[PDB]
């Protein structure tokens, strides 16, 4: 079956340059490992504001992850996660931007800290949502649990807590094996 997958990636000032680069490299690696499959991809950077770095139609045009993310600049502002998820739901999953009506909608949210905004993500309820929380801001159970509201249920499936950015590589086998 077809899968339309969006990477929603944190560009806040909490991320160090090498950490941000590791997020980019992970997205590229995931795409390369799923090239010429039923997958199509889009990517959105979020910080204070939201930017579609490439749409599904861009992916279909280029099919080159290096090219698609070549123009990304680290935003270096806040962490407005609620609005970011709603932005994906309303502004990226659109047929006119290459989204396929028959596809399963999937979000991979990648962040290094707690949201600086609030509200709800009701608009994104029909999207299958994974969240990857990385690094020392998620050392405590309480901090980890703040991510549950953004992800699908059960949290034990959809919330991934990684202690280091180097651990992103450990997700590839699992991601490749998913059958939606």
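Residue numbers count along the first chain shown, from 1.
The mean C-alpha temperature factor is higher for 163 to 171 when 163 to 171 and 18 to 26 are set side by side. The stretch with the higher mean CA B factor, choosing between 118 to 126 and 30 to 38, is 30 to 38.
Residue 146: CA B factor lies in the lowest third for its chain, per the PDB record. Per-chain ranking of the deposited C-alpha B factor places residue 49 in the middle third.
When all modelled residues of the chain are sorted by CA temperature factor, residue 152 is found within the lowest third. In the PDB entry, residue 72 places in the highest third of its chain by CA B-factor. Residue 5 sits in the lowest third of its chain by CA B factor, as recorded in the PDB entry.
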